[PDB]
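Going down the list, the protein sequences come from chains A and B. Numbered according to PDB author numbering, the first sequence spans residues 2 to 304. Numbered according to PDB author numbering, the second sequence spans residues 3 to 302. Everything on this sheet refers to the single structure shown next.
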Amino acid sequence: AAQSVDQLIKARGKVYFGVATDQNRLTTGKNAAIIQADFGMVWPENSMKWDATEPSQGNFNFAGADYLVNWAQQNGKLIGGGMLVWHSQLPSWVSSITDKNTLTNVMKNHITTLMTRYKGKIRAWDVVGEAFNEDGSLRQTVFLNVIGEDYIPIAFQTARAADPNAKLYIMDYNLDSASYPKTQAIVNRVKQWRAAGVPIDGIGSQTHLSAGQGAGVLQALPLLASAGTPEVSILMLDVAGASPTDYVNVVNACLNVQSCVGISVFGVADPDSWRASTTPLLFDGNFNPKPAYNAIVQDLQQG
Amino acid sequence: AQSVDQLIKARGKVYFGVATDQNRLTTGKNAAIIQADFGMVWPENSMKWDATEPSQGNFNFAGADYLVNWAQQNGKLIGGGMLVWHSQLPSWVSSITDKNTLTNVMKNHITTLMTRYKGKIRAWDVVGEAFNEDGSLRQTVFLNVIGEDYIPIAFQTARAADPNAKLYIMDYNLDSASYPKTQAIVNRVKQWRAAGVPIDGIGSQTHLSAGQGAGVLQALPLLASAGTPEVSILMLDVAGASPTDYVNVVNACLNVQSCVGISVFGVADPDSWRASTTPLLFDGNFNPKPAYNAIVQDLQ
Ligand SMILES: O=[N+]([O-])c1ccc2[nH]nnc2c1
Ligand SMILES: O=[N+]([O-])c1ccc2[nH]nnc2c1
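Okay, structure coming up:
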């Protein structure tokens, strides 16, 4: 009884506990069974990234994304998408563009095409990811360099037009400490963009922790919430060593922040992690729930 | 771990290979183990029809391109497939009822895939899983609509597109010499080749339950009696992964002159299509399992 973290988190008033996946996870291991039972939202591990979806200008690849969207619909799961504008996994045809009008239109087309395809089916998009340097200045990607800092407002405005139903998020990593310049900076810039009417509905904190860093998220998450977005989230969570303590502290940070809609982990089982040697996830290599999973369950159960 | 690929090459074979794809290469320890221990890679999913031509004339090559490029960069041989198969088949194909229309759809798919990687692919599986367990031909959309001759056409079309690729009809349940399916594919391939159909190979999609490794020692020589220049063991996995089934498996290949190699159907057990049986050669912690160490000792 009372072993789904998603079901338990919803009972506490949150939207979901989610997980990244894709077609070949769904067809292998025990991923599909675990997601069916335990998780309420799925995100494309890779199939919606720019290198996967638009490998040459205007030529899109949607087989993988479609597979995930369909599976999520068939299994009654919410679906997230992203990242629409991101410097990593970004084809060389984009990064070679030097003309402002041409990159603006290429960016807008990428956004619009993905969001239109899935219009009305996607809870939330990560519209812009990893836009910040560690010092809090904006990262000098092709977007910044060629379009300028208006590429962020343009990306969100384009997204809202493409699918007004989706929650639109900015996401970044190393927003885990409240004193860190990057944390402070994304709040200040998101406040300013929202004051200019940019439709930033959420800040997503891509939470990749080392052992003992869970505690600090209890202060960093409320600070992100202070930017005034309707939502914030913990995304792509993983924790080197998968201490119960670190995991429960992240969880509780979300519970404590009224605008935090949920938490997503960056895969199901350790061996399928990008950092497997750190065993950073909630299920082991035999697909058994780990102590951290059980400690989340106890944390979320109610009297 | 000592490399089963290098050891099998030392025994005169071409390769010991493995199925993989982009997201395996960027997670777990898969890239490192493939680099060290395997000499050929196959696309787990990225060259299947559903992945590559999800609507008519709309091709998706990013995933396949990634694999091909990784293989080149790391000095690995590459295989492709499956070009004609009833599983992971878009409904736009299976809904076709006209003979010419489907013949042309089948040809265009084959040609477009094989032409993009021309010269890079050691071997294609042109046809897979074409047989019923009783040895008759599986009543797929291609047999129902185009007829028997779909198999000859598929092989023929494959040769024109890349004359340097080894062409392999493939099937499963070819694991026992006494099984009707095994004798059946041998007879048909003999006749197709007599008529000049360019079938260079038969591959044995070898999905075994416990204890079935022993029978491969007679089934593979029977497959090789069809007279193809090559045969292979493909997509190998064995429920329970005991050393007996797999060594016994390593040795069927070694005993059959025309067998070019063996490929396993993934690296580590949790990434198997069947994982609770812990049936591959590396465990959920990416350790080499007793069956990997037994293969190494057998090949030394
Ligand atoms: O929470 N996630 O693990 C996760 C994974 C991939 C994504 N792409 N866009 N948002 C994403 C979220
Ligand atoms: O040996 N293989 O594991 C393997 C995997 C996928 C394939 N597709 N076509 N032939 C294939 C062989």
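Ideal placement from N, C-alpha and C gives every residue a C-beta, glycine not left out.
How should residue i be labelled, buried or exposed, when 16 other C-beta atoms within 10 angstroms of its C-beta is the threshold for buried?
i                : result
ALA277 (chain B) : buried
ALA3 (chain B)   : exposed
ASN102 (chain A) : exposed
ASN189 (chain B) : exposed
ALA197 (chain B) : exposed
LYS120 (chain B) : exposed
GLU150 (chain A) : exposed
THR117 (chain B) : exposed
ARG13 (chain B)  : exposed
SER89 (chain A)  : exposed
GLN24 (chain A)  : buried
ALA163 (chain B) : buried
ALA38 (chain A)  : exposed
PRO165 (chain B) : exposed
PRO231 (chain A) : exposed
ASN71 (chain B)  : exposed
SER180 (chain B) : exposed
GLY77 (chain B)  : exposed
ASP100 (chain A) : exposed
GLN74 (chain A)  : exposed
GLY304 (chain A) : exposed
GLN158 (chain B) : buried
Quick one: list the residues of chain A neighbouring residue i, beta-carbon separation under 7 angstroms, in chain order.
i                : result
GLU131 (chain B) : By Cβ distance, chain A contributes nothing, its closest Cβ being about 16 angstroms from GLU131 (chain B), past 7 angstroms.
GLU46 (chain B)  : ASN25
Cβ of residue i within 8 angstroms of any heavy atom in ligand 2?
i                     : result
residue 324 (chain B) : Since the first and last residues shown for chain B are 3 and 302, residue 324 (chain B) lies out of range.
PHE63 (chain A)       : no
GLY203 (chain B)      : no
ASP127 (chain B)      : yes
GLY19 (chain B)       : yes
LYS50 (chain B)       : yes
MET116 (chain B)      : no
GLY130 (chain B)      : yes
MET172 (chain B)      : yes
Say yes only if the C-beta of residue i is nearer than 8 angstroms to one or more non-hydrogen atoms of ligand 1, and no if none qualify.
i                : result
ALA270 (chain B) : no
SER265 (chain A) : yes
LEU236 (chain A) : yes
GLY286 (chain A) : no
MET84 (chain A)  : yes
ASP100 (chain A) : no
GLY81 (chain A)  : yes
For residue i, return the contacting residues in chain A, with the cut-off set at a CB-CB distance below 8 angstroms.
i                : result
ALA125 (chain B) : Those do not exist, as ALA125 (chain B) stays about 22 angstroms from chain A at its closest Cβ, beyond 8 angstroms.
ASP285 (chain B) : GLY286
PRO56 (chain B)  : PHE63, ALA64, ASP67
For residue i, which residues in chain B fall below 8 angstroms Cβ to Cβ?
i                : result
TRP275 (chain A) : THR28, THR29
Using the beta-carbon of each residue, which ones in chain B are nearer than 9 angstroms to residue i?
i               : result
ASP52 (chain A) : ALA64, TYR68
Just the chain A side, please: which residues come within less than 9 angstroms of residue i by C-beta, in chain order?
i                : result
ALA270 (chain B) : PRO272, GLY286
Any 3 or more C-beta pairs closer than 8 angstroms across the stretch 256 to 271 of chain B and the stretch 215 to 226 of chain B:
These segments touch.
Can we say the stretch 90 to 105 of chain A touches the stretch 131 to 138 of chain A, given the rule of at least three CB pairs closer than 8 angstroms?
Counting Cβ pairs under 8 angstroms, fewer than three are found: no touch.
Considering only residues of the stretch 178 to 229 of chain A, which uninterrupted beta strand (DSSP E) runs meet the minimum length of 3 residues and lie entirely inside it, listed in chain order?
Here the runs fully enclosed are 203 to 210.
Which full runs of the beta strand (DSSP E) of 3+ residues lie inside the stretch 16 to 61 of chain B, going along the chain?
Correct list: 17 to 22, 42 to 45.
Does the contact criterion of 3 or more C-beta pairs under 8 angstroms hold for the stretch 34 to 53 of chain B versus the stretch 141 to 158 of chain B?
Not touching, per the Cβ criterion.
Identify every run of the alpha helix (DSSP H) within the stretch 99 to 132 of chain A, keeping only runs that are complete inside it and at least 4 residues long; order them along the chain.
You should have 101 to 118.
Does the pairing of the stretch 295 to 303 of chain A with the stretch 282 to 298 of chain B give three or more beta-carbon distances under 8 angstroms?
No, because fewer than three Cβ pairs between the stretch 295 to 303 of chain A and the stretch 282 to 298 of chain B fall closer than 8 angstroms, the two stretches do not touch.
Three-pair Cβ contact test at 8 angstroms for the stretch 171 to 190 of chain B versus the stretch 203 to 210 of chain B:
At 8 angstroms Cβ cutoff, the stretches touch.
Would the stretch 242 to 249 of chain B count as touching the stretch 57 to 67 of chain B if we require 3 or more Cβ pairs under 8 angstroms?
In short, these stretches do not touch, since the Cβ pair count stays below three.
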